[PDB]
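First up is the structure itself, then whatever we jot down about it.
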Amino acid sequence: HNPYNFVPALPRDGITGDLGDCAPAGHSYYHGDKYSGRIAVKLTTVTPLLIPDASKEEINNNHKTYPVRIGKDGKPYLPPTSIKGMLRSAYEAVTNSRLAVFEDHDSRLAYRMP
RNA sequence: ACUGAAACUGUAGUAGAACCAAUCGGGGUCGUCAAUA
């Protein structure tokens with residue numbers, strides 16, 4: 001198997017509901033009908049996890065070596081932004097949302113002609 | 001055909017109230033490349 005694939009992003013004309021496009025609920029108050037609060041999540045790694053510290057990247061012969069990023073206690077610092085992007089892309093898949101990061105795709109692509 | 005004198009423009013009053021320098025973003029990842037003869 002190829003190590004990547006694609007969940008199809010379906011067109012969203014006539015999507016009419018919470019999965020549709022909508023004005024956001026806002027931040028001003030907790031709406032009586034909408035849920036707020038804290039979810040506690042246990043994350044456990046199944047395969048090894050890479051958390052590169054680019055701030056400490058050793059470079060020799062233009063080859064970069066990354067240590068694990070660690071917090072003030074010396075345990076691995078898994079960044080919340082890394083979890084957020086994992087969660088967002090998975091969320092955006094299963095809700096068939098907009099593509100949040102779709103950058104620089106307005107030129108035609110090039111290949112060897114016959 | 002004799003200069004008036006003497007008298008503090010001072011006294012009281014806070015350049016201040018309000019406003020989050022902030023919103024979104026996994027330090028990530030795979031197919032060639034080159035154009036003649």
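Letters A, B, ... are given to chains in the order of the sequence lines, protein chains preceding strands, and every chain is numbered from 1. Just the heavy atoms: all of them, side chains too, but no hydrogens, waters or symmetry mates, feed the values below.
- Neither OP1 nor OP2 of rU32(B) sits under 4.0 Å from any side-chain N or O of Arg112(A).
- When the pucker is read from the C1'-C2'-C3'-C4' torsion, the sugar belonging to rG28(B) turns out north, on the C3'-endo side.
- Consecutive residues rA17(B) and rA18(B) form a stacked step, taking six-membered ring centres below 5.5 angstrom and planes below 30 degrees as the test.
- Judged by the sign of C1'-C2'-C3'-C4', the sugar at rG26(B) is south, the angle being negative.
- In this structure, the nucleotide among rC30(B), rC24(B), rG27(B) sitting nearest to the side chain of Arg88(A) is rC24(B).
- The hydrophobic cluster containing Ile83(A) does not contain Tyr77(A), counting ILVMFWY residues as joined when their side-chain heavy atoms lie under 4.5 angstrom apart, directly or transitively.
- Judged by the sign of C1'-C2'-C3'-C4', the sugar at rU14(B) is south, the angle being negative.
- For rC33(B), the sign convention on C1'-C2'-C3'-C4' gives a north pucker, since the angle is positive.
- Remark on RNA chain B: of its neighbouring residues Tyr4(A) and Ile83(A), the 5'-side contact belongs to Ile83(A), judged by nearest-heavy-atom nucleotide.
- The two residues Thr95(A) and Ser97(A) have their closest heavy-atom pair at OG1-OG, 2.7 Å.
- Note on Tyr111(A): every side-chain N or O is 4.0 Å or more away from OP1 and OP2 of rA34(B).
- For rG26(B), the OP1/OP2 oxygens have no side-chain nitrogen or oxygen of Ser89(A) closer than 4.0 Å.
- Closest to the side chain of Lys84(A), out of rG25(B), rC30(B), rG27(B), is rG25(B).
- Neighbours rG10(B) and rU11(B) stack on each other, since their six-membered rings have centres under 5.5 Å apart and planes tilted under 30°.
- Note: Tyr4(A) and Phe6(A) have perpendicular aromatic rings, judged against thresholds of 30 and 60 degrees for the angle between ring planes.
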